[PDB]
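Participant: Input my_file24.tsv, format and content: TSV, N, CA and C atoms.
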chain	number	residue	atom	x	y	z
A	1856	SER	N	133.86	129.95	106.05
A	1856	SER	CA	134.36	130.44	104.71
A	1856	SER	C	135.36	129.44	104.24
A	1857	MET	N	136.11	129.74	103.16
A	1857	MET	CA	137.13	128.78	102.65
A	1857	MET	C	138.10	128.30	103.70
A	1858	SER	N	138.12	126.94	103.89
A	1858	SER	CA	139.08	126.31	104.84
A	1858	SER	C	138.74	126.66	106.36
A	1859	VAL	N	137.54	127.13	106.57
A	1859	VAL	CA	137.06	127.55	107.98
A	1859	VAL	C	135.68	127.02	108.18
A	1860	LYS	N	135.61	125.93	108.95
A	1860	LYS	CA	134.34	125.24	109.20
A	1860	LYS	C	134.02	124.99	110.65
A	1861	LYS	N	132.77	125.23	111.05
A	1861	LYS	CA	132.22	124.75	112.33
A	1861	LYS	C	132.39	123.25	112.45
A	1862	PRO	N	132.48	122.74	113.68
A	1862	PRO	CA	132.62	121.28	113.87
A	1862	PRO	C	131.44	120.47	113.19
A	1863	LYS	N	131.80	119.30	112.63
A	1863	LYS	CA	130.85	118.50	111.79
A	1863	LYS	C	129.76	117.80	112.67
A	1864	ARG	N	128.54	118.36	112.76
A	1864	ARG	CA	127.31	117.62	113.20
A	1864	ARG	C	127.08	116.26	112.46
A	1865	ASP	N	126.83	115.20	113.24
A	1865	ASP	CA	126.67	113.85	112.67
A	1865	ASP	C	125.23	113.80	112.09
A	1866	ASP	N	125.15	113.81	110.77
A	1866	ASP	CA	123.83	113.70	110.05
A	1866	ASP	C	123.56	112.27	109.51
A	1867	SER	N	124.36	111.28	109.93
A	1867	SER	CA	124.30	109.93	109.34
A	1867	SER	C	123.00	109.13	109.67
A	1868	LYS	N	122.35	109.51	110.74
A	1868	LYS	CA	121.09	108.93	111.17
A	1868	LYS	C	119.82	109.75	110.78
A	1869	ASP	N	120.04	110.87	110.13
A	1869	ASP	CA	118.90	111.78	109.84
A	1869	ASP	C	117.80	111.04	109.01
A	1870	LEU	N	118.24	110.35	107.97
A	1870	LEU	CA	117.27	109.61	107.07
A	1870	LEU	C	116.40	108.65	107.83
A	1871	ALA	N	117.00	107.82	108.69
A	1871	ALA	CA	116.29	106.89	109.48
A	1871	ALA	C	115.40	107.54	110.47
A	1872	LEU	N	115.88	108.61	111.10
A	1872	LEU	CA	115.11	109.30	112.10
A	1872	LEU	C	113.88	110.07	111.47
A	1873	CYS	N	114.10	110.71	110.31
A	1873	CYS	CA	112.90	111.33	109.58
A	1873	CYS	C	111.84	110.23	109.22
A	1874	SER	N	112.34	109.03	108.81
A	1874	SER	CA	111.44	107.91	108.47
A	1874	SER	C	110.60	107.53	109.67
A	1875	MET	N	111.21	107.50	110.85
A	1875	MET	CA	110.52	107.19	112.06
A	1875	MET	C	109.47	108.20	112.44
A	1876	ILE	N	109.80	109.47	112.37
A	1876	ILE	CA	108.83	110.54	112.57
A	1876	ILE	C	107.63	110.37	111.61
A	1877	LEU	N	107.93	110.18	110.36
A	1877	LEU	CA	106.91	110.09	109.32
A	1877	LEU	C	106.01	108.87	109.61
A	1878	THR	N	106.60	107.72	110.07
A	1878	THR	CA	105.78	106.56	110.46
A	1878	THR	C	104.81	106.91	111.60
A	1879	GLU	N	105.24	107.71	112.57
A	1879	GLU	CA	104.46	108.11	113.66
A	1879	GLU	C	103.30	109.04	113.23
A	1880	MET	N	103.60	109.89	112.25
A	1880	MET	CA	102.60	110.82	111.70
A	1880	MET	C	101.56	109.96	110.89
A	1881	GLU	N	102.02	109.01	110.09
A	1881	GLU	CA	101.15	108.11	109.31
A	1881	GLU	C	100.15	107.29	110.16
A	1882	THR	N	100.53	106.92	111.38
A	1882	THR	CA	99.75	106.06	112.23
A	1882	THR	C	98.92	106.80	113.23
A	1883	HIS	N	99.03	108.11	113.33
A	1883	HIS	CA	98.19	108.95	114.19
A	1883	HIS	C	96.73	108.88	113.73
A	1884	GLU	N	95.83	108.83	114.69
A	1884	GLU	CA	94.41	108.66	114.32
A	1884	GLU	C	93.82	109.84	113.51
A	1885	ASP	N	94.44	111.02	113.55
A	1885	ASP	CA	93.98	112.21	112.88
A	1885	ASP	C	94.77	112.44	111.52
A	1886	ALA	N	95.50	111.44	111.08
A	1886	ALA	CA	96.27	111.53	109.85
A	1886	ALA	C	95.40	111.45	108.59
A	1887	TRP	N	94.18	110.88	108.73
A	1887	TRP	CA	93.36	110.56	107.53
A	1887	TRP	C	93.19	111.65	106.48
A	1888	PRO	N	93.12	112.95	106.83
A	1888	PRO	CA	93.05	113.96	105.73
A	1888	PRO	C	94.29	114.14	104.86
A	1889	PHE	N	95.43	113.56	105.36
A	1889	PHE	CA	96.81	113.84	104.89
A	1889	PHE	C	97.48	112.60	104.29
A	1890	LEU	N	96.87	111.43	104.29
A	1890	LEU	CA	97.56	110.18	103.88
A	1890	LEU	C	97.83	110.09	102.41
A	1891	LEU	N	96.93	110.68	101.62
A	1891	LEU	CA	96.97	110.60	100.16
A	1891	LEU	C	96.85	111.95	99.57
A	1892	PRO	N	97.26	112.14	98.32
A	1892	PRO	CA	97.03	113.42	97.68
A	1892	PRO	C	95.52	113.77	97.57
A	1893	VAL	N	95.22	115.03	97.76
A	1893	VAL	CA	93.83	115.54	97.55
A	1893	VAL	C	93.48	115.29	96.09
A	1894	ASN	N	92.24	114.81	95.80
A	1894	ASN	CA	91.88	114.42	94.38
A	1894	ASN	C	91.45	115.72	93.63
A	1895	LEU	N	92.33	116.19	92.77
A	1895	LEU	CA	92.16	117.48	92.11
A	1895	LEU	C	91.05	117.47	91.10
A	1896	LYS	N	90.62	116.28	90.66
A	1896	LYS	CA	89.41	116.17	89.80
A	1896	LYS	C	88.14	116.29	90.62
A	1897	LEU	N	88.14	115.88	91.89
A	1897	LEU	CA	86.91	115.81	92.66
A	1897	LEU	C	86.76	116.85	93.71
A	1898	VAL	N	87.75	117.73	93.91
A	1898	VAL	CA	87.63	118.79	94.95
A	1898	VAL	C	87.76	120.11	94.28
A	1899	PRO	N	86.57	120.68	93.93
A	1899	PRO	CA	86.58	122.05	93.36
A	1899	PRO	C	87.41	123.04	94.16
A	1900	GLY	N	88.16	123.84	93.44
A	1900	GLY	CA	88.98	124.92	93.91
A	1900	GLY	C	90.42	124.55	94.31
A	1901	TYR	N	90.61	123.27	94.62
A	1901	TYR	CA	91.95	122.86	95.16
A	1901	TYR	C	93.11	123.11	94.26
A	1902	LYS	N	92.92	122.74	92.98
A	1902	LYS	CA	93.98	122.83	92.00
A	1902	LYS	C	94.38	124.27	91.79
A	1903	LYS	N	93.38	125.16	91.64
A	1903	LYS	CA	93.76	126.60	91.46
A	1903	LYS	C	94.34	127.32	92.67
A	1904	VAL	N	93.80	127.02	93.85
A	1904	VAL	CA	94.20	127.71	95.02
A	1904	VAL	C	95.52	127.21	95.64
A	1905	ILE	N	95.68	125.90	95.67
A	1905	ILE	CA	96.84	125.30	96.43
A	1905	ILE	C	97.98	125.03	95.45
A	1906	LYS	N	98.95	125.94	95.45
A	1906	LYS	CA	99.88	125.93	94.34
A	1906	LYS	C	100.88	124.75	94.43
A	1907	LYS	N	101.14	124.26	95.66
A	1907	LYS	CA	102.05	123.16	95.84
A	1907	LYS	C	101.41	122.10	96.79
A	1908	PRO	N	100.57	121.22	96.26
A	1908	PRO	CA	99.92	120.15	97.05
A	1908	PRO	C	100.99	119.25	97.65
A	1909	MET	N	100.74	118.78	98.87
A	1909	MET	CA	101.69	117.83	99.52
A	1909	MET	C	100.90	116.93	100.44
A	1910	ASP	N	101.34	115.69	100.65
A	1910	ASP	CA	100.64	114.75	101.53
A	1910	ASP	C	101.68	113.72	102.02
A	1911	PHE	N	101.29	112.91	103.01
A	1911	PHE	CA	102.25	111.98	103.64
A	1911	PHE	C	102.76	110.95	102.68
A	1912	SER	N	101.91	110.43	101.78
A	1912	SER	CA	102.41	109.40	100.84
A	1912	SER	C	103.45	109.93	99.83
A	1913	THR	N	103.34	111.20	99.43
A	1913	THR	CA	104.26	111.87	98.53
A	1913	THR	C	105.57	112.15	99.30
A	1914	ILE	N	105.47	112.52	100.57
A	1914	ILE	CA	106.72	112.74	101.38
A	1914	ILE	C	107.40	111.38	101.53
A	1915	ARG	N	106.61	110.32	101.81
A	1915	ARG	CA	107.21	108.94	101.94
A	1915	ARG	C	107.94	108.53	100.69
A	1916	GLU	N	107.34	108.76	99.53
A	1916	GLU	CA	108.01	108.43	98.27
A	1916	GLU	C	109.29	109.25	98.02
A	1917	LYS	N	109.25	110.55	98.31
A	1917	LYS	CA	110.39	111.44	98.16
A	1917	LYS	C	111.52	110.95	99.13
A	1918	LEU	N	111.17	110.65	100.36
A	1918	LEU	CA	112.13	110.23	101.36
A	1918	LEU	C	112.85	108.93	100.94
A	1919	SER	N	112.04	107.97	100.53
A	1919	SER	CA	112.54	106.64	100.11
A	1919	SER	C	113.39	106.67	98.84
A	1920	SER	N	113.39	107.72	98.06
A	1920	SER	CA	114.03	107.76	96.75
A	1920	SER	C	115.11	108.84	96.70
A	1921	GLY	N	115.56	109.30	97.90
A	1921	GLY	CA	116.67	110.28	97.96
A	1921	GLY	C	116.42	111.58	97.38
A	1922	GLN	N	115.12	112.05	97.46
A	1922	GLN	CA	114.79	113.37	96.99
A	1922	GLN	C	114.80	114.53	98.05
A	1923	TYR	N	115.10	114.20	99.30
A	1923	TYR	CA	115.41	115.21	100.32
A	1923	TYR	C	116.97	115.35	100.48
A	1924	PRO	N	117.47	116.53	100.12
A	1924	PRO	CA	118.92	116.77	100.33
A	1924	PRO	C	119.32	116.83	101.76
A	1925	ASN	N	118.44	117.26	102.67
A	1925	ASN	CA	118.83	117.36	104.05
A	1925	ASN	C	117.52	117.34	104.93
A	1926	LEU	N	117.69	117.23	106.25
A	1926	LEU	CA	116.51	117.11	107.15
A	1926	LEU	C	115.61	118.41	107.07
A	1927	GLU	N	116.14	119.59	106.74
A	1927	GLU	CA	115.30	120.76	106.66
A	1927	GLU	C	114.33	120.75	105.47
A	1928	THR	N	114.75	120.16	104.35
A	1928	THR	CA	113.85	120.13	103.22
A	1928	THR	C	112.72	119.17	103.55
A	1929	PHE	N	112.97	118.15	104.36
A	1929	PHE	CA	111.94	117.22	104.82
A	1929	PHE	C	110.91	117.95	105.69
A	1930	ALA	N	111.41	118.73	106.64
A	1930	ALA	CA	110.49	119.51	107.54
A	1930	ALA	C	109.66	120.51	106.73
A	1931	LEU	N	110.22	121.12	105.69
A	1931	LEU	CA	109.51	122.11	104.90
A	1931	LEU	C	108.28	121.44	104.20
A	1932	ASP	N	108.47	120.24	103.64
A	1932	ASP	CA	107.31	119.49	103.07
A	1932	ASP	C	106.26	119.07	104.11
A	1933	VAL	N	106.67	118.62	105.32
A	1933	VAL	CA	105.72	118.26	106.35
A	1933	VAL	C	104.88	119.54	106.68
A	1934	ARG	N	105.57	120.66	106.85
A	1934	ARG	CA	104.89	121.94	107.24
A	1934	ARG	C	103.98	122.39	106.11
A	1935	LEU	N	104.38	122.17	104.85
A	1935	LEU	CA	103.54	122.50	103.71
A	1935	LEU	C	102.21	121.79	103.74
A	1936	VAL	N	102.17	120.54	104.21
A	1936	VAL	CA	100.94	119.76	104.31
A	1936	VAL	C	99.99	120.59	105.24
A	1937	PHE	N	100.51	121.01	106.37
A	1937	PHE	CA	99.65	121.74	107.31
A	1937	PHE	C	99.30	123.15	106.95
A	1938	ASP	N	100.19	123.83	106.27
A	1938	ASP	CA	99.93	125.14	105.70
A	1938	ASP	C	98.88	125.10	104.63
A	1939	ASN	N	98.96	124.12	103.75
A	1939	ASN	CA	97.83	123.85	102.75
A	1939	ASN	C	96.52	123.60	103.41
A	1940	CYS	N	96.54	122.80	104.47
A	1940	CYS	CA	95.29	122.43	105.19
A	1940	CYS	C	94.66	123.73	105.72
A	1941	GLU	N	95.47	124.56	106.32
A	1941	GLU	CA	94.95	125.83	106.95
A	1941	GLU	C	94.43	126.77	105.86
A	1942	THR	N	95.06	126.74	104.71
A	1942	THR	CA	94.63	127.61	103.60
A	1942	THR	C	93.20	127.26	103.09
A	1943	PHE	N	92.86	126.00	103.08
A	1943	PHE	CA	91.65	125.47	102.46
A	1943	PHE	C	90.52	125.10	103.42
A	1944	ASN	N	90.80	124.92	104.72
A	1944	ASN	CA	89.83	124.38	105.64
A	1944	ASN	C	89.63	125.35	106.83
A	1945	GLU	N	88.36	125.57	107.15
A	1945	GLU	CA	88.07	126.40	108.34
A	1945	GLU	C	88.70	125.75	109.58
A	1946	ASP	N	89.15	126.58	110.53
A	1946	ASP	CA	89.65	126.08	111.83
A	1946	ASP	C	88.61	125.22	112.58
A	1947	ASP	N	87.32	125.64	112.56
A	1947	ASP	CA	86.24	124.92	113.17
A	1947	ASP	C	85.65	123.87	112.19
A	1948	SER	N	86.45	122.91	111.78
A	1948	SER	CA	86.02	121.75	110.98
A	1948	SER	C	86.83	120.55	111.45
A	1949	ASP	N	86.39	119.35	111.14
A	1949	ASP	CA	87.14	118.15	111.51
A	1949	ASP	C	88.55	118.17	110.88
A	1950	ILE	N	88.63	118.53	109.60
A	1950	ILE	CA	89.93	118.56	108.92
A	1950	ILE	C	90.80	119.71	109.44
A	1951	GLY	N	90.22	120.88	109.74
A	1951	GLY	CA	90.97	122.06	110.18
A	1951	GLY	C	91.58	121.64	111.55
A	1952	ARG	N	90.80	121.04	112.44
A	1952	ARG	CA	91.31	120.64	113.77
A	1952	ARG	C	92.39	119.56	113.64
A	1953	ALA	N	92.17	118.62	112.74
A	1953	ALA	CA	93.14	117.54	112.46
A	1953	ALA	C	94.46	118.20	112.11
A	1954	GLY	N	94.44	119.18	111.23
A	1954	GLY	CA	95.72	119.82	110.81
A	1954	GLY	C	96.48	120.49	111.94
A	1955	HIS	N	95.74	121.21	112.79
A	1955	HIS	CA	96.41	121.80	113.95
A	1955	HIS	C	96.97	120.78	114.87
A	1956	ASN	N	96.22	119.68	115.15
A	1956	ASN	CA	96.66	118.64	116.02
A	1956	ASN	C	97.96	117.99	115.48
A	1957	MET	N	97.94	117.68	114.16
A	1957	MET	CA	99.13	117.00	113.57
A	1957	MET	C	100.32	117.92	113.52
A	1958	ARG	N	100.15	119.17	113.22
A	1958	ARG	CA	101.27	120.11	113.25
A	1958	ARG	C	101.94	120.16	114.64
A	1959	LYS	N	101.12	120.28	115.69
A	1959	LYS	CA	101.68	120.15	117.05
A	1959	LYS	C	102.42	118.86	117.35
A	1960	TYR	N	101.86	117.71	116.98
A	1960	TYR	CA	102.44	116.44	117.15
A	1960	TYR	C	103.80	116.43	116.45
A	1961	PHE	N	103.82	116.91	115.19
A	1961	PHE	CA	105.09	116.95	114.45
A	1961	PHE	C	106.20	117.81	115.10
A	1962	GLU	N	105.85	119.00	115.50
A	1962	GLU	CA	106.80	120.02	115.94
A	1962	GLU	C	107.45	119.53	117.22
A	1963	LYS	N	106.70	118.81	118.05
A	1963	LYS	CA	107.30	118.22	119.27
A	1963	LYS	C	108.27	117.11	118.96
A	1964	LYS	N	107.90	116.16	118.10
A	1964	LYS	CA	108.81	115.13	117.71
A	1964	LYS	C	110.05	115.73	117.05
A	1965	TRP	N	109.87	116.77	116.25
A	1965	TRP	CA	110.98	117.41	115.56
A	1965	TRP	C	112.02	118.00	116.57
A	1966	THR	N	111.53	118.80	117.49
A	1966	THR	CA	112.35	119.39	118.59
A	1966	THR	C	113.00	118.31	119.43
A	1967	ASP	N	112.25	117.28	119.84
A	1967	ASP	CA	112.82	116.24	120.70
A	1967	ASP	C	113.86	115.38	120.01
A	1968	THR	N	113.75	115.19	118.69
A	1968	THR	CA	114.67	114.33	117.98
A	1968	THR	C	115.95	115.09	117.57
A	1969	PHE	N	115.83	116.36	117.21
A	1969	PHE	CA	116.87	117.11	116.55
A	1969	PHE	C	117.38	118.39	117.31
A	1970	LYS	N	116.61	119.00	118.21
A	1970	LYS	CA	117.05	120.23	118.94
A	1970	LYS	C	117.50	119.94	120.38
In structure tokens, what does this structure look like?

Facilitator:
Amino acid sequence: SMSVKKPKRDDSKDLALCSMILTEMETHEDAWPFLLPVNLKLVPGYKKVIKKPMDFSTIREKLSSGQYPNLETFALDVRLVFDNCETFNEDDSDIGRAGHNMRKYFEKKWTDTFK
């Protein structure tokens, strides 16, 4: 509350460390469904169903231009990529499996770097 604060966690490396995670996600062999925005002209149903599209290149641009206020808003966009994937793709498909694999890969790096 006013004039009463928990000890200050050092967040000075968060930007660099999120960049590193994102580089690791970009270079994973199962990243291909997520590297670029889904083409809303060429994929029937996507635009109406997926209210907030997200992909790795859009997170990279947001990260590089100071559009994440803190490391949690960064994690929320990464998770959105996988939540969108699950919304639109059957679990038993190449893309559905890719999304589960990448979400696991992310959540481990996230815990190991920050928890």

Participant: At a cut-off of 6 Å, using only C-alpha atoms, what residues contact range 1925-1940 of chain A? Leave out same-chain residues fewer than 5 positions from it and give the result as a PyMOL selection string.

Facilitator: chain A and resi 1909-1910+1954

Participant: Restricting the calculation to only N, CA and C atoms, which member of A:1920, A:1869, A:1857, A:1880 is positioned closest to residue 1957 in chain A?

Facilitator: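 Closest to residue 1957 in chain A of all the choices is A:1880.
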
Participant: Can you tell me how far CA of residue 1872 in chain A sits from atom C of residue 1890 in chain A, in Å to one decimal?

Facilitator: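 Distance reported for this atom pair: 19.8 Å.
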
Participant: Expressed in Å to a single decimal, how great is the separation between CA of residue 1960 in chain A and CA of residue 1905 in chain A?

Facilitator: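 About the pair CA of residue 1960 in chain A and CA of residue 1905 in chain A: they are 23.2 Å apart.
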
Participant: Suppose you want the space between atom C of residue 1888 in chain A and atom C of residue 1907 in chain A; what is it in Å?

Facilitator: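 So the two atoms, atom C of residue 1888 in chain A and atom C of residue 1907 in chain A, lie 13.4 Å apart.
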
Participant: Which of chain A counts as alpha helix (DSSP H) under DSSP, as a VMD selection string please?

Facilitator: chain A and resid 1869 to 1882 1901 to 1904 1911 to 1919 1926 to 1943 1949 to 1969

Participant: Calculated over only N, CA and C atoms, which of the candidates A:1952, A:1962, A:1914, A:1967 has the smallest distance to residue 1885 in chain A?

Facilitator: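 Going through A:1952, A:1962, A:1914, A:1967 one by one, the smallest distance to residue 1885 in chain A is for A:1952.
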
Participant: Counting all atoms listed in the file, figure out which residue out of A:1876, A:1894, A:1945, A:1867 gets nearest to residue 1961 in chain A.

Facilitator: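 Of the candidates, the smallest distance to residue 1961 in chain A is held by A:1876.
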
Participant: Would you fill the gaps in range 1900-1922 of chain A so it has N, CA, C and O atoms, then print it as a CSV table (one decimal), in the frame of the given file?

Facilitator:
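out-v5.csv written:
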chain,number,residue,atom,x,y,z
A,1900,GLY,N,88.2,123.8,93.4
A,1900,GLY,CA,89.0,124.9,93.9
A,1900,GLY,C,90.4,124.6,94.3
A,1900,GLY,O,91.3,125.4,94.4
A,1901,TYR,N,90.6,123.3,94.6
A,1901,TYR,CA,92.0,122.9,95.2
A,1901,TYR,C,93.1,123.1,94.3
A,1901,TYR,O,94.2,123.7,94.7
A,1902,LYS,N,92.9,122.7,93.0
A,1902,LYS,CA,94.0,122.8,92.0
A,1902,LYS,C,94.4,124.3,91.8
A,1902,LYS,O,95.6,124.6,91.8
A,1903,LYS,N,93.4,125.2,91.6
A,1903,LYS,CA,93.8,126.6,91.5
A,1903,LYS,C,94.3,127.3,92.7
A,1903,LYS,O,95.2,128.2,92.6
A,1904,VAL,N,93.8,127.0,93.8
A,1904,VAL,CA,94.2,127.7,95.0
A,1904,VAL,C,95.5,127.2,95.6
A,1904,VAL,O,96.3,128.0,96.1
A,1905,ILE,N,95.7,125.9,95.7
A,1905,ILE,CA,96.8,125.3,96.4
A,1905,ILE,C,98.0,125.0,95.4
A,1905,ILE,O,97.9,124.1,94.7
A,1906,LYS,N,99.0,125.9,95.4
A,1906,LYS,CA,99.9,125.9,94.3
A,1906,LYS,C,100.9,124.8,94.4
A,1906,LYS,O,101.4,124.3,93.4
A,1907,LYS,N,101.1,124.3,95.7
A,1907,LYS,CA,102.0,123.2,95.8
A,1907,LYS,C,101.4,122.1,96.8
A,1907,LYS,O,101.7,122.1,98.1
A,1908,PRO,N,100.6,121.2,96.3
A,1908,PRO,CA,99.9,120.2,97.0
A,1908,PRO,C,101.0,119.2,97.6
A,1908,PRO,O,102.1,119.0,97.0
A,1909,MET,N,100.7,118.8,98.9
A,1909,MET,CA,101.7,117.8,99.5
A,1909,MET,C,100.9,116.9,100.4
A,1909,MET,O,99.9,117.4,101.0
A,1910,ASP,N,101.3,115.7,100.6
A,1910,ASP,CA,100.6,114.8,101.5
A,1910,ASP,C,101.7,113.7,102.0
A,1910,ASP,O,102.8,113.7,101.5
A,1911,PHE,N,101.3,112.9,103.0
A,1911,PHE,CA,102.2,112.0,103.6
A,1911,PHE,C,102.8,111.0,102.7
A,1911,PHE,O,104.0,110.6,102.8
A,1912,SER,N,101.9,110.4,101.8
A,1912,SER,CA,102.4,109.4,100.8
A,1912,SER,C,103.4,109.9,99.8
A,1912,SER,O,104.4,109.2,99.5
A,1913,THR,N,103.3,111.2,99.4
A,1913,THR,CA,104.3,111.9,98.5
A,1913,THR,C,105.6,112.2,99.3
A,1913,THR,O,106.7,111.8,98.8
A,1914,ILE,N,105.5,112.5,100.6
A,1914,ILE,CA,106.7,112.7,101.4
A,1914,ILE,C,107.4,111.4,101.5
A,1914,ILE,O,108.7,111.3,101.4
A,1915,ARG,N,106.6,110.3,101.8
A,1915,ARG,CA,107.2,108.9,101.9
A,1915,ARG,C,107.9,108.5,100.7
A,1915,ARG,O,109.1,108.0,100.8
A,1916,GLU,N,107.3,108.8,99.5
A,1916,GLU,CA,108.0,108.4,98.3
A,1916,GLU,C,109.3,109.2,98.0
A,1916,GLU,O,110.3,108.7,97.5
A,1917,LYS,N,109.2,110.6,98.3
A,1917,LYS,CA,110.4,111.4,98.2
A,1917,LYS,C,111.5,111.0,99.1
A,1917,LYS,O,112.7,110.9,98.7
A,1918,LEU,N,111.2,110.6,100.4
A,1918,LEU,CA,112.1,110.2,101.4
A,1918,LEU,C,112.8,108.9,100.9
A,1918,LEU,O,114.1,108.8,101.0
A,1919,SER,N,112.0,108.0,100.5
A,1919,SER,CA,112.5,106.6,100.1
A,1919,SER,C,113.4,106.7,98.8
A,1919,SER,O,114.1,105.6,98.5
A,1920,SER,N,113.4,107.7,98.1
A,1920,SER,CA,114.0,107.8,96.8
A,1920,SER,C,115.1,108.8,96.7
A,1920,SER,O,115.5,109.3,95.6
A,1921,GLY,N,115.6,109.3,97.9
A,1921,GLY,CA,116.7,110.3,98.0
A,1921,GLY,C,116.4,111.6,97.4
A,1921,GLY,O,117.3,112.3,96.9
A,1922,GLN,N,115.1,112.0,97.5
A,1922,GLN,CA,114.8,113.4,97.0
A,1922,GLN,C,114.8,114.5,98.0
A,1922,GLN,O,114.5,115.7,97.7
